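The chain below stands alone and is given in C-alpha cells; this is the form deposited without the ligand.
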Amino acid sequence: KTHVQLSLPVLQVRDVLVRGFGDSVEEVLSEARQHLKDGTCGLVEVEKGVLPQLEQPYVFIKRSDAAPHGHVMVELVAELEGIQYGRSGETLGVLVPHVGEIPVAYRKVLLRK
C-alpha cells in the first residue's frame, strides 16, 4: 500500500533514551521508515527547547494534505544544519526510536510509504 495507518506514541523529550536515528540524512530517513514499519517509532511534539535536546539529523513528520478515519496524511522530511530534504506541510513532531518509554498520547497518521 502507498499509505499505512499508524498510531504513534507521543513521548516527552526528557524520557527519550535514543535521541535520533543515525548520522546522515539518508540513514535517519531509512531508519525512521524501518521503525515506522516495525511499530518501534515515537513522536516528540516540537516546542521551544525540544530540538536542541535531540540529535541531528532530525526526521519530521509533516502534514501532506488537508484526514481519513482520523489519520492525518503525513510524509517524512529530514533536517541537518538548517537544510531540509523534502518539502511538505506543518510539522506534527520529530520522530525518534521507541524503546519502551511511556507515552502521554497517540497521534493517528496515514504515512506516505
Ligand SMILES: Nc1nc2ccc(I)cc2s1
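The first residue of the shown sequence is 1; numbering continues from there.
One more form of this protein should be noted, the form solved in complex with the ligand, which is absent from this view; the next part is about it.
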property: Distance check, residue 108 to the ligand in the deposited bound form, heavy atom within 4.5 Å; result: no
property: Close approach of residue 36 to the ligand in the deposited bound form, 4.5 Å, heavy atom; result: yes
property: Partner contacts in the deposited bound form for 1-26 (non-hydrogen atom within 4.5 angstroms of the ligand); result: 4, 6
